[PDB]
Amino acid sequence: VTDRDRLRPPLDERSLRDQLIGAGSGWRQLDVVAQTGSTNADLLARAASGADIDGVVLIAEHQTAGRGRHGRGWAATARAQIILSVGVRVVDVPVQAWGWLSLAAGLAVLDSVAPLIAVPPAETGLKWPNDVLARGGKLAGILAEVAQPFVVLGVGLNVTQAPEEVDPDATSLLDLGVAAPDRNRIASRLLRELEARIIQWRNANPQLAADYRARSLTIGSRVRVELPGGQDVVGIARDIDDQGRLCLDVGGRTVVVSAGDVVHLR
Ligand SMILES: [N-]=[N+]=N[C@H]1[C@H](O)[C@@H](COS(=O)(=O)NC(=O)CCCC[C@@H]2SC[C@@H]3NC(=O)N[C@@H]32)O[C@H]1n1cnc2c(N)ncnc21
């Protein structure tokens, strides 16, 4: 809406570089572009042309052809979200562990905005795989795409984004009660949390798995999992395995799912 613009000042690129790039930091490069098709696609194109995208951050004020999982899309209006992609070198890590990189990303996004919201802890957390949920609404979406030897990690976070402009099941920090959210503070806090989680993933830190289970909204609840190909499986989510796959209890039978859309059954 018109009035939400006034709550959307531009991102300060120079300020973000001062905080996030330098000694003690793993980020090598940060850029803020006014508009692009997809930040994921852009970093994928860089890697495809020989660039070392490891530790490289790309942020866009607006995204016109955003990507979702399973060939879906991601909607956004200008300066209403934090829209970024980072590059991570993953070739030194066993392929079976790559699934945890996505979960670690959602963990970092959650921790960056969790204190800002005034919602009971039982309805704020991660829906498997890495959907950031708050009061039943989707606060953020994460997308991981492979470009050897890199994985491009994409984060779309609704800051002042109006649900009516993107999705009925969507929510934002503004719609959660946060009056005047500062994208500069949040982006800085996000990328520092993200740096920590990536390092934890790369070193197989068990603290990573323990922190996910403590924030999981899926584990313990009855769910319907929409599998790739259009098949549905109803059961109770019990745990995450060593590959970041969801373990389902289906009438005593264990079903491990590597990919799919989870619906918490109310
Ligand atoms: N199209 N559509 N609608 C719906 C989509 O079909 C659906 C897509 O969700 S999804 O399949 O699980 N995929 C994701 O959550 C990952 C999205 C990652 C987006 C980031 S943003 C920067 C980077 N670049 C890029 O192209 N993608 C990543 O979510 C809805 N949706 C779209 N925009 C939304 C939003 N801003 N907030 C909440 N829900 C949204």
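Counting starts at 1 for both ligands and their atoms, following the listed order. Nothing fancy with the numbering, it's 1 onward along the sequence.
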Quick one: look up the protein heavy atom nearest atom 6 (O) of ligand 1 and list residue, atom name and how far away it is. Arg72 CD, 3.6 Å

Subset of ligand 1 atoms that lie under 4.0 Å from at least one heavy atom of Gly66: 26 (O)

For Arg192, does its backbone N or O pair with a side-chain atom of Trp27 as donor and acceptor, under 3.5 Å? no

Identify the closest protein heavy atom to atom 27 (N) of ligand 1: which residue and atom is it, and at what distance? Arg67 O, 2.9 Å

Give the C-alpha distance, both sets of side-chain angles, the deciding distance and a yes or no for salt bridge (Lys or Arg N to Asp or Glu O under 4.0 Å) between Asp5 and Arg79. CA-CA 8 Å; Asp5 175 332; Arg79 309 186 317 277; 2.9 Å; yes

If the cut-off is 4.0 Å to any non-hydrogen atom of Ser38, which atoms of ligand 1 fall inside it? 24 (N), 25 (C), 26 (O)

Which residue holds the protein heavy atom closest to atom 2 (N) of ligand 1, what is that atom called, and what is the gap in Å? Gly73 O, 3.7 Å

Do you know the tightest heavy-atom contact between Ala134 and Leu176? CB-CD1, 3.6 Å

Apply salt bridge (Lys or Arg N to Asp or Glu O under 4.0 Å) to the pair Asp92 and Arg202, showing each step before the final yes or no. CA-CA 9 Å; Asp92 51 318; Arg202 196 182 295 272; 3.1 Å; yes

Taking the side chain from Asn130 and the backbone from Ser102, do they hold a donor-acceptor pair closer than 3.5 Å? yes

the protein heavy atom lying closest to atom 16 (C) of ligand 1 turns out to be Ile142 O, 3.5 Å

For ligand 1 and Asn158, I'd like to know whether there is a polar contact (N/O to N/O, distance under 3.5 Å). yes

Are any of the side-chain nitrogens in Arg72 or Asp261 under 4.0 Å away from the carboxylate oxygens of its partner? yes

Could you find the nearest protein heavy atom to atom 40 (C) of ligand 1 and give me its residue, atom name and distance? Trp74 CZ3, 3.5 Å

Identify the protein heavy atom lying closest to atom 32 (C) of ligand 1, giving its residue, its atom name and the separation to 0.1 Å. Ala75 N, 3.6 Å

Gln19 side-chain N/O to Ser15 backbone N/O, donor-acceptor pair under 3.5 Å: yes

Between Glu61 and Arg183 (salt bridge meaning N to carboxylate O under 4.0 Å), is one present in this structure? yes

Minimal non-hydrogen separation, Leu208 against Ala104, with atom names: CD1-CB, 3.7 Å

Ligand 1 and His70, any nitrogen or oxygen pair closer than 3.5 angstrom? no

Same cluster (ILVMFWY, side-chain, under 4.5 Å), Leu7 and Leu157: no

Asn184 and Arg189 side chains, donor-acceptor separation under 3.5 Å: no

As an exercise, identify every atom of ligand 1 less than 4.0 angstrom from a heavy atom of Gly156. 20 (C), 21 (S)

In terms of residue, atom name and distance, what is the protein heavy atom nearest to atom 38 (C) of ligand 1? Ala170 CB, 3.4 Å

Under 4.0 Å from a heavy atom of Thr39: which atoms of ligand 1 are those, numbered in the order shown and with their elements? 22 (C), 23 (C), 24 (N)

Between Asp261 and ligand 1, which part of the residue brings a heavy atom under 4.0 Å of the ligand: side chain, backbone, both or neither? neither

For atom 24 (N) of ligand 1, tell me which residue out of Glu165, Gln63, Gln161, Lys138 has the closest non-hydrogen atom. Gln63

Please report which non-hydrogen protein atom sits nearest to atom 4 (C) of ligand 1, along with the residue it belongs to and the distance in Å to one decimal place. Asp167 OD2, 3.3 Å

Any carboxylate oxygen within less than 4.0 angstrom of a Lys/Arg side-chain nitrogen, looking at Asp211 and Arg197? yes

Atoms of ligand 1 less than 4.0 Å from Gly68 heavy atoms? 13 (N), 17 (C)

Min N/O separation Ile83 to ligand 1 under 3.5 Å: no

Check ligand 1 against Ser85 and write out every atom of the ligand that is under 4.0 Å from a heavy-atom position of the residue. 23 (C)

